[PDB]
């Protein structure tokens, strides 16, 4: 309906070519976003680097004021933005509004976290007596221009989680939203524009990653790449970054380890909520159940009953299971479902597909020779893998190339901590689904699941460097 524009050096810019966005659940035309050229990318980066000097010389309190204003505007327009976001990525209406609200919360928290940045004073006399009068005054500085790249499934939340930590520290930022999700990304940018963010301090880039993706990453003007998306794309970003710093939040295949002494009802509740939330289109979703044989039959039945209770419908109706982001995703999920069936897996809930609306499929008796045991579906399908020992569960869990998070369901917490030490993941939730929040907590993935540590204070630290001034007291 509307022709959207990029925020470039404090002004709204059209491009010669544009990309029409459609609602994945209905095909409704939502608008268009610019298809930037390489020359327009250069202008965005040139504007950012020119604004950096005056921006980093502002006080922390002044930079924090801008972020607070943008958060206030997001809360004001949460219904407006969430309504469009719901259509753009086929997310439940209420869930879409919640994302906008959560984004404002992260921006506010990042502003107050970052303005309290402190330095250190180190003593030369800690290392050698002859240097006892030498001290080091170590203060934090920005890294420069941060390229922020958000994913389709949380195009606003996982944009703000990068923009706010970067800006408070004195960096300038360019946001590359996902094409499917660029409208919501540009709506987020409108809030920062209305808040008065100085020209060039924050800008947006839109275009198909397959066309301009490598160019925006390879560009020498960029000092830092903060990316959330698929593991293959993250792999390429790692190569193109060279020796420049990066943060990557990539794929996940979070395991849920259920021991013999677990509250099976509580486990089934958390497993189903985490696995099928947003139709399973989340990196921190429960994506495989590793359950001890003794309790597998009872756990599978309780999970099944809850899966049968999930609603399947449209975003406007706040259905639990909504249509997937596009046809390719549904075809990929259907293939994984077909593979499990052909190899003897027991489908405890039935596969059905209407367009790209896939019903929630629960598989039992999944074996490691099935693709569904390892590949990230990003769809509403959950495998149950039976194990005989906790060592096997740890073994199978760590054999995955992914290591984002894991859940352990048990009443023996000392043992759970011991298991957690052996799991090659960033975060382990006890008797709870895997999840990124609360946003002050650390969020990181091991192995192919990412690089660097996020969460608010951790993001700020990652996107800063240090400047040491050393002198001798006389």
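Positions refer to the first chain, counted from 1. In this text, rigid core is short for the largest set of C-alphas that superpose within 1.5 Å between two forms.
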Exercise. Which of these two stretches, 211-219 or 395-403, has the larger RMS Cα offset in 5 other deposited structures of this protein when the rigid core is kept aligned?
Worked result: 211-219
Exercise. Comparing 200-208 with 74-82, which has C-alphas lying farther from the shown form in 5 other deposited structures of this protein once the core is aligned?
Worked result: 200-208
Exercise. Of the two stretches 338-346 and 108-116, which shows the higher Cα B-factor on average in the entry?
Worked result: 338-346
Exercise. Which is higher on average in the deposited entry, the C-alpha temperature factors of 281-289 or of 317-325?
Worked result: 317-325
Exercise. Looking at 464, 454, 9, 15, which has the highest CA B-factor as recorded?
Worked result: 15
Seminar exercise, completed: Comparing C-alpha B-factors across 330, 201, 129, 168 in this entry, the winner is 330
Exercise. What third of the chain, by the recorded C-alpha B-factor, contains residue 445?
Worked result: middle
Problem set entry | Chain third (lowest, middle, highest) by recorded CA B-factor, residue given as residue 390 | highest
Seminar exercise, completed: By the entry's values, the third containing the CA B factor of residue 34 is the middle
Problem set entry | Relative C-alpha B-factor of residue 91, binned into the chain's lowest, middle or highest third | middle
Problem set entry | CA B-factor placement of residue 80, once the chain's modelled residues are sorted into thirds | highest
